[PDB]
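Contents: one structure, followed by commentary.
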Amino acid sequence: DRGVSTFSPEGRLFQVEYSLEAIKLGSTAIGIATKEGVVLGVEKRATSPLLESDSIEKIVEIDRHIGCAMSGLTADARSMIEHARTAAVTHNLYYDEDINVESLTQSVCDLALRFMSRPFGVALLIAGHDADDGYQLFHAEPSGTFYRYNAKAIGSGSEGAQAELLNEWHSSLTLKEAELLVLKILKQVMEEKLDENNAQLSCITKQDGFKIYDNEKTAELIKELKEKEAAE
Amino acid sequence: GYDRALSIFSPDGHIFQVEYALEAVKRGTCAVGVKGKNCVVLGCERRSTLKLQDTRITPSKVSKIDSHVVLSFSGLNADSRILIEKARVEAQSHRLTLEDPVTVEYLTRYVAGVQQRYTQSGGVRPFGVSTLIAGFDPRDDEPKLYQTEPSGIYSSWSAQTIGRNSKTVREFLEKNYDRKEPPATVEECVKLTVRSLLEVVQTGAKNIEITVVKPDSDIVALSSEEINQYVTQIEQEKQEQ
Amino acid sequence: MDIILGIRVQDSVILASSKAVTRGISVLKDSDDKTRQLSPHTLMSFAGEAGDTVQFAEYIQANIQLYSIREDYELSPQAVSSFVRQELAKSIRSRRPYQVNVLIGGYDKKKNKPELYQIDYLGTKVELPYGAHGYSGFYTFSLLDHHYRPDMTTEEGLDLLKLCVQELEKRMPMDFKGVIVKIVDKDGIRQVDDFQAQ
Amino acid sequence: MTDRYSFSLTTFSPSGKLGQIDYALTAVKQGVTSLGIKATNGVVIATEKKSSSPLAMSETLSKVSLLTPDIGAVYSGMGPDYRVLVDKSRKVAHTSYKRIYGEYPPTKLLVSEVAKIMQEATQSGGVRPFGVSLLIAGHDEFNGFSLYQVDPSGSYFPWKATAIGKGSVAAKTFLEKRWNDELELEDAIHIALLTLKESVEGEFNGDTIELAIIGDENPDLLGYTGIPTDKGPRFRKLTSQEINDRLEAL
Amino acid sequence: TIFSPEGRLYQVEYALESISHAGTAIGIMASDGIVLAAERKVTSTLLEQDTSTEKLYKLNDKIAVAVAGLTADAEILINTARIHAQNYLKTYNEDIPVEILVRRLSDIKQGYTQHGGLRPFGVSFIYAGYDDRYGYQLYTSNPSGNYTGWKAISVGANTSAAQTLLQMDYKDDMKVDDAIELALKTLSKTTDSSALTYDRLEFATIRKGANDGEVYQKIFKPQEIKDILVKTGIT
Amino acid sequence: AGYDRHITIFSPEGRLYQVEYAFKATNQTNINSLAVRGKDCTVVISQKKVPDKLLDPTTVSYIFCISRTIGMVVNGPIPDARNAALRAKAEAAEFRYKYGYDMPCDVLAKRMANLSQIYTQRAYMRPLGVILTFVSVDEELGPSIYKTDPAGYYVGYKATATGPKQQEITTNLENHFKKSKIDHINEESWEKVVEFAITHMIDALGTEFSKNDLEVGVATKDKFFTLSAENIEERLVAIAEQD
Amino acid sequence: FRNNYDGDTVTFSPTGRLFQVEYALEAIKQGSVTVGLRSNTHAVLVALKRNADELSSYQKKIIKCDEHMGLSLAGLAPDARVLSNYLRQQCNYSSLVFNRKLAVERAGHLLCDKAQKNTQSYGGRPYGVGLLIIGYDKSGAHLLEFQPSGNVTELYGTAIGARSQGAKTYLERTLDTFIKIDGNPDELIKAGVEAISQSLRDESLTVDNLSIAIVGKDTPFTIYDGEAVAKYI
Amino acid sequence: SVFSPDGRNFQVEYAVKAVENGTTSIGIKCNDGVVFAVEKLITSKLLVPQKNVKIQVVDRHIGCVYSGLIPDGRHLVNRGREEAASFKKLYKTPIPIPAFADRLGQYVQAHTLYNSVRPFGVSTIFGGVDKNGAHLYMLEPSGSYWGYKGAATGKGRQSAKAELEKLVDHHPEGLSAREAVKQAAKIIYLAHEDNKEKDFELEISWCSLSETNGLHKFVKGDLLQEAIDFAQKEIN
Amino acid sequence: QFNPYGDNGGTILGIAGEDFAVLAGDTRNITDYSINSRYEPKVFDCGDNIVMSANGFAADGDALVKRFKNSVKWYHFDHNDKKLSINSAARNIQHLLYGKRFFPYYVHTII
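Note that the protein sequences, when read in sequence, are chains R, Q, X, O, P, U, S, T and Z. Letter by letter, the first sequence follows residues 9 to 123, 128 to 144, 144A, 145 to 202, 205 to 209, 209A to 209B, 210 to 233, 235 to 244 in PDB author numbering. Letter by letter, the second sequence follows residues 7 to 62, 62A, 63 to 143, 143A, 144, 144A, 145 to 180, 180A to 180D, 182 to 203, 206 to 243 in PDB author numbering. Letter by letter, the third sequence follows residues -1, 1 to 90, 90A to 90B, 91 to 105, 105A to 105C, 106 to 181, 183 to 193 in PDB author numbering. Letter by letter, the fourth sequence follows residues 4 to 102, 102A, 103 to 147, 147A, 148 to 200, 202 to 209, 209A, 210 to 217, 217A to 217B, 217D to 217P, 218 to 236 in PDB author numbering. Letter by letter, the fifth sequence follows residues 13 to 63, 63A, 64 to 144, 144A, 145 to 200, 202 to 204, 204A to 204B, 205 to 216, 216A to 216B, 217 to 218, 218B to 218C, 219, 219A, 220 to 239 in PDB author numbering. Letter by letter, the sixth sequence follows residues 6 to 34, 34A, 35 to 143, 143A, 144 to 179, 179A to 179E, 180 to 184, 184G to 184H, 185 to 218, 220 to 240 in PDB author numbering. Letter by letter, the seventh sequence follows residues 4 to 60, 63 to 180, 180A to 180D, 181 to 204, 206 to 208, 208A to 208B, 209 to 233 in PDB author numbering. Letter by letter, the eighth sequence follows residues 13 to 180, 180A to 180C, 181 to 199, 201 to 206, 206A to 206B, 207 to 218, 218A to 218C, 219 to 241 in PDB author numbering. Letter by letter, the ninth sequence follows residues -9 to -1, 1 to 70, 70A, 71 to 101 in PDB author numbering.
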């Protein structure tokens, strides 16, 4: 207990390390990056059955080609989203084109550095498409570091989720396979039974952009998963 | 230039100032809100340190933000005046620039936003306040109820309660409130509200206060007597062996 | 010059405002409302420089509505008109003054009197039985000096305005495209939405 | 460089004390005793000129200071704190009052202003309270003669007579015994000299005593004639010679 | 200005603790006026009582306050409240409604509670005033920035004792002269002095001014308190 | 350790430890100075110690020419001494520009005293570990000595001394003025006043001085100057053929 | 003795040490390994990137600064961004105002001065990254080592990060060989690849594992990753 | 901004330790100039010889060398340079050495006044030729400085100081610039005795009225070898 | 009074083909009736296969081209060496010019 930007004897930033702890307590978020698209799924985790589930916005659009899932202290994510949107629209204003997914992420991570009194208590999975590098997935920590992943999971269930993502991911996953896998791996790590109300799916395709799946299209895949896993 | 960081992380990943802000909320008098088919009802309680109070002039717990939205709070009363002022200023500012009154969701997002900012700025403490915000969007009939807390998280609720002994009343509401059937009458929606408050308050005398919001800026407070008509109907009739 | 008239009768206040909006060599609109409701019993009419006119009215409106919602109470016409005056008197010495003249017509419920306040862009306030801004005043003040009585009914006040408008149609150089008329009494604010061909 | 202590150094303790103000009062207690007595046609303020070695020139140190032509001040506690307060008080008598109304402030209001400056050091960031208590004596056309005490907290109160510092308890008692609401000025000077004989250890003469009155207008202390509508300053430092003459018949 | 694990504000709680040692002030509200009574802290014979003011301050012509706490801290707050009232009058050509002025002072207090790392003011106020919306009003504010409205209330020393007595003897249809009596009687039983005398009291009334229809502020002089002490049977 | 030991807040006894520690710092250089007044001059003397042989002895000084008319001697470490020197120089030039006459000795003392007083009160500034003795022949007051310390204190002196053996020198002077019955040295030439000053310095320190163990500043009507080694040597010769 | 003396950067220990700065220095030892070496015609960076998972990227560790200059990082990556950005500006300012390519030596002095301020201002923190700076200017090829303490040194070769001592040892002995690899880029790169190897208990350096950057006499600064580096494994 | 109970400033005191811990460096005054010299520890064979210049010029006529934290030294010189520029701009003439000394003095001293700044961890030896002679100065972390005939700071300061003391005593007539350069090479070699776990490079600079026209210049090539040789001679 | 503007003459021409473009200019630079230079180029390669001329007041023209070249350099830095498309360059040049709406670059610019 001495300062905010203080170094530990092991050369880590105290507050940055403790923010990482907050993220571990967050609802689970999973992302899978394929050649047909990128999928983002989350665990709603209502703290009570009276909470209206569809008012839980843990997947948010940034630009038509860029979406993002969060985990941790989700309130801290507000000004990152806002800043992300401004960066993407501003880029289109100055350059008459879509911002690169890596540039958008780098910008959010720039914001992350500006500690503002404390680091953010939230990590973000940023997914989208651009002409140059195709379908991409990014993990953005409140350290200002970001990482590209073929697949990634963040939140309380992430240790087991990552392990499962390690077995199941290969460079030829179809989008529909990838959707099923996100749903499956969420079902395993969620402290509740996965249905269309406590889990949300979304993806970005080159052609259709970023779409949040409504509860009806999700429920179908849940039903399709229960069956794909009955026969086997 | 005082910017000494007060809201910081602890080794287990908790922001203790935000946490103790929640403690101040749970210390505050209870507030509840429940939404009907064509309405939303907000209910509060009063304390008993002294009862030589003048009730005409003492700040009521339900505040009008615009003519179609209201805010009630649990926690530090002084803190809530500040959140209400800003919400009032924003409501006028949204009308001025967008030529429409706020949606309940938008006003909620704004207030939650202000709370959040206070969790990460130097030399400020979080708000010792959690809020229930209720009303109807302009030209819309579907009722709206939202809750914010000192962290800046916000969400919508079929029904919700906050403050001292809210654990108890959330218990009651969870068994009684049917997702299938919301209290279709204004009347029976005020019923579920007074019942839920009776567990905590004692006699629903000079302590329980109620406010009803209908669409198109229709907002009526109740009187002691019209409350007493609900206190009476449940005690005697739901006393049956 | 746009036409902004106000007449205070015994039980109400009536405001008549020209419907034309002219930029250059074109009448762009013949149905403009040069009025903002400030509260249920207070109405402001405005004329002057193009953009300043609405920006000011709507800023005054925002402030009064805010006050109402904060106090669950309506400010008196005397109070609102003092707010507006001070706002203009501030503006006159700033980097770019608001070039707007106003009439404030309200019904004070505490007093049960109707009230008419005339305020120009400099922040000059006065209470009058009848008022006007711009050139139109050069015709109406004398006309009303003759025909006005302090104890007229609202129906009588509307006949007094009819004279005023007809006079302005005979003698004013520009086609102001008729007037919108509004009444502020004990029951609030209403529009006589049928003044033109009547 | 830059002020990096932006918070209050005087805070509340769990018992409701404000530590630094208490400790400042403790500092005042160590201070050399000083007193003021309000008569019917004047006010007197007095203190001891505690010399440090006889090589120091006692006259060159101001313990009693003119604030306005009608107002004086004396203190107990930390001299350097008094000296800067006298400067800021003189200046504020001008900026806040004479430059606005064209006349010097009434005593209660100048006192109000010193009180403000001292309160501020009780609450501002990175500062400690002043370690002094002041005694301010003055006259104005509408309130007549007055006497006030200002403390480290910025509290002030009016007194008919009082003392502060080392031997304050002993002297307050002595004055209570001797004060009546019909005293002439020369009577109050005499009582002041008696009360001050207790405090003091060593020599007791006009060169170890600083004493000033607020009395009648002194036309010969104006510096000019011709505007008959002021007769001049009511404040008047007594000379070493004047103190001794009253000490012989003491 | 930080939170305890319990959810209370250290410096505030300690400030209220500070106030509990201050001379008691009472406000009582009648049907036709408000009484302000306050007790001076362990005083002296030599203390000037004539030109003395320390507990009762006029805010404008329609509103007075009684102070319990740090006298100097209250001087700051009184001055900026006086200014706010004049700002309101200048802006609107109407005297400030009591509630509004009370809210503003409380909001100032609340600030020190939440930001800046300065200490709160060690002050509580009883506000007595009149406006044409709500008539006579009695309010209270403390260093937390909290304000509430009262039929009768006390602040400073011995509020528990004093509060019990006011509830026992107050009844809605009171007249001002009975409220004066009640104020003095309550202070008689909660004092720490042998008995209550004139040089230890500050007294003020906000009446309807005999025959006029206009509001009057009276701050009782020494000799006037001495007299009103005789009539009630305390001599 | 309590904060009342590190910053200038009060201690329960009503004390300021940082100020007290700053007084201690004044003796760190282990040098004594004294100042006396003539009929129409003012003289300051200070021991001069050059331990290290590698030092250039002409640059080792604790006397400062503040203005044409005002000299200052410091008792304390040099960095702090030079800080106060530069500030006083700046203040004395500013005064003349703003007010059209030379800053008097006591007024500059007061101004420096006030500057020190601030450090006494504000937490982010440490006091300066110095005592400053200001001297001049003032146009209104004649020979003048005014001395300020880290507390914000200042006063005028008939004569004075500062340093480790302060009290010894003080009483030595006190004793002279008790017997002489006047408040100055009754000599016309400044050379005899310097001679007096060195002599009483010798008799209270129990030490003999060569020309390099001293430092002399003299203030006359409209000039303050320091003496060279050789002028001091010639002064030491005249005291030899007498005392 | 180690107690209240590591609170901030604005505090000396009784030994005369600045612990916060020492701790920031420690973030480098924990960082992934990178190597730098030069002859008289070219300068080379070789950076072994680190991954988080088998599914993650090998975070890029080489940043271009101008056409004639660039750097490799080991430590806090965000801090490499702050400083290299500042270097991009100083290079840019040199080009615009003076039509002058900025001297590597001046770049070193500038980085030193920027890091220094953070070892002395309250409420700030030292930079938590070490940097290897290569460049080609009017005096030839150059390599510099940046330490977050503000210490910069010009060298023929060096290495920083995890187990850097291995590569630094190899380089101390291969000195007279590589310094003479003039007008032959590929051999100098190879000598860099073989230098980085003496610092791997880890494993075989692979296709996505390796990063190479080069600048030289008629070669502007260019980073090679993946396909282009395959011929060096 | 903290006095310890003995009147010293404990943060300055710890700064001194950091200096004592540094490479040894010296300055020698001669009869028409000043010479400067420093010990450059050869951390590794990989250091480029002659290429990690420690000595720095200020304006055109002032030399600066230091021991301690090298970044702290560079910060000081940067400031010295602005203080030189600012002086020349206003007064035309280049800054006299005593004047330049007080400029660094006050600045270094300022960093001992406030609790939010730490003092400098260097002692700096600097000087040059101005309108009336050569001047040598050394400035300690407290801001204390004086003029010197000879000066040394760093790990081998004591052995170096003893050598300097010998020269002063055995050359009351004054030393020559040419000579002081050789002598400085000797002294750094002698001083390396108290730091010999590493190999070292010698660096020398000078500012002489007749040998450089009163401008600061580095000692390179022929003259640098003659100095190394002379120093190698009186160690075998 | 100081006039911040001048006019250095010259003339630029751009033609686009099916799979090429040309941008041409004369090399003459003038002031009033004097010739400053017979060969001062004002058409520049800006990298990323874009040529640019900013004709009119040559001081303003040079500042603009300088700024666009720099804009290209930073585009490469900030956006992973992406090629700047001609439409993107154009839009960027709009912003450069409009930043000086109230103290304009007196140039007709063609890319």
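No residue lacks a Cβ here, since even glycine has one placed at the ideal position from N, Cα and C.
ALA139/Q versus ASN44/Q: straight-line alpha-carbon distance, rounded = 13 Å
8 Å Cβ cut-off: residues of chain Z touching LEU101/S = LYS57, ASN61
Identify which residue in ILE90A/X, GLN186/X, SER80/X has its Cα closest to the Cα of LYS101/P.
-> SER80/X
Give a yes or no on whether the minimum CB-CB distance between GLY19/Q and chain O is below 8 Å.
-> no
CB contact flag (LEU116/S, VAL157/S, <8 Å) = yes
Can the beta-carbon of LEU129/P be found less than 8 Å from the beta-carbon of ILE223/P?
-> no
How many whole angstroms separate the CB atoms of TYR95/X and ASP51/X, which I take to be in contact at a CB cut-off of 8 Å?
-> 5 Å
For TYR123/U versus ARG130/U, is the C-beta spacing smaller than 8 Å?
-> yes
Under 8 Å Cβ-Cβ, which residues of chain O neighbour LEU129/P?
-> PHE10, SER11, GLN125, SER126, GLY127
Say whether chain Z places a C-beta atom closer than 8 Å to the C-beta of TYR160/R.
-> no
So, using beta-carbon positions, are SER16/X and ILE2/X closer together than 8 Å?
-> yes
Please list the partners that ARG7/O has in chain T, where partner means a Cβ-to-Cβ separation under 8 Å.
-> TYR126, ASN127, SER128
Cα-Cα separation, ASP114/T to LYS57/U = 22 Å
Chain-order list of residues whose beta-carbon lies under 6 Å from that of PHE157/R (same chain, five-residue window excluded) | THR113, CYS117, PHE149, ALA151
Is there contact here, the segment 16 to 30 of chain O with the segment 54 to 63 of chain X, by at least three beta-carbon pairs under 8 Å?
-> no
Report the residue ranges of all alpha helix (DSSP H) runs contained in full by the segment 15 to 94 of chain R; include only those spanning at least 4 residues, in chain order.
-> 22 to 32
In DSSP terms, what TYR157/U is bridged to = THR151/U
Could you tell me whether any Cβ in chain R is nearer than 8 Å to the Cβ of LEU176/Q?
-> yes
Selection from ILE62A/Q, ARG52/Q, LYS216/Q, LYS41/Q that minimises the alpha carbon distance to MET41/P | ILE62A/Q
Expressed to the nearest angstrom, what Euclidean distance is found between the alpha-carbon atoms of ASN104/P and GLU161/X?
-> 37 Å
The beta strand (DSSP E) spanning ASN7/S covers which residue range?
-> Looking at the DSSP string, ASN7/S is not in any beta strand (DSSP E), and its letter there is neither H nor E.
Are the C-beta of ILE59/X and some C-beta of chain Q separated by less than 8 Å?
-> no
Would you say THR55/R faces chain S, with C-beta separation under 8 Å as the test?
-> no
Is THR151/Q helix, strand or coil when you go by DSSP?
-> strand
With 16 other Cβ atoms within 10 Å as the buried cut-off, status of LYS180C/Q = exposed
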